[PDB]
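One chain comes next, on its own, written as structure tokens: the form solved without the DNA.
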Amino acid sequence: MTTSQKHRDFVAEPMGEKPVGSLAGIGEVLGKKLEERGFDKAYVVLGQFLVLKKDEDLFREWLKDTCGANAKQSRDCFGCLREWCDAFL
């Protein structure tokens, strides 16, 4: 298993009302920037992932433009949403 424990914690269960910082790759700095843009719960970011039809390029660019995430952060956040979706959607 190459993923972080944080990714595994997130994909193991429905997300409910978890904050955005529960997503892999979303540390406190990115999380604050997301929350002040309205993306305060993990499910709101999931929403954007889904409206972008799960496209990696579009979603990772969106995250970069919205909170300044770097390549590793956006990869981790995308992969964590992708696997959550495969498990629960």
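Residue positions are given as counts along the sequence shown, with the first one as 1.
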Legend entry - Average Cα temperature factor in the PDB entry - higher stretch of 1-9, 78-86: 1-9
Inset, instruction - Classify residue 16 as lowest, middle or highest third according to the C-alpha B-factor given in the PDB entry, relative to its own chain. - result: lowest
Legend entry - Cα B factor band for residue 70 (lowest, middle or highest third within the chain): highest
Inset, instruction - Can you work out whether the C-alpha temperature factor of residue 55 puts it in the lowest, middle or highest third of the chain? - result: highest
Inset, instruction - Can you work out whether the C-alpha temperature factor of residue 30 puts it in the lowest, middle or highest third of the chain? - result: middle
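The form deposited with the DNA bound is left out here; the points below concern that form.
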Legend entry - Heavy atom of residue 26 within 4.5 Å of the DNA in the deposited bound form: yes
Inset, instruction - Report yes if any heavy atom of residue 6 sits within 4.5 Å of a heavy atom of the DNA in the deposited bound form; otherwise report no. - result: yes
Inset, instruction - Give a yes/no on whether residue 46 approaches the DNA to within 4.5 Å in the deposited bound form, heavy atoms considered. - result: no
Legend entry - Close approach of residue 12 to the DNA in the deposited bound form, 4.5 Å, heavy atom: no
Inset, instruction - Report whether all of 30, 33 and 70 sit within 4.5 Å of the DNA in the deposited bound form, measuring from non-hydrogen atoms. - result: yes
Inset, instruction - Within 4.5 Å of the DNA in the deposited bound form, which residues of 37-61 have a heavy atom? Give them in sequence order, or say none. - result: none
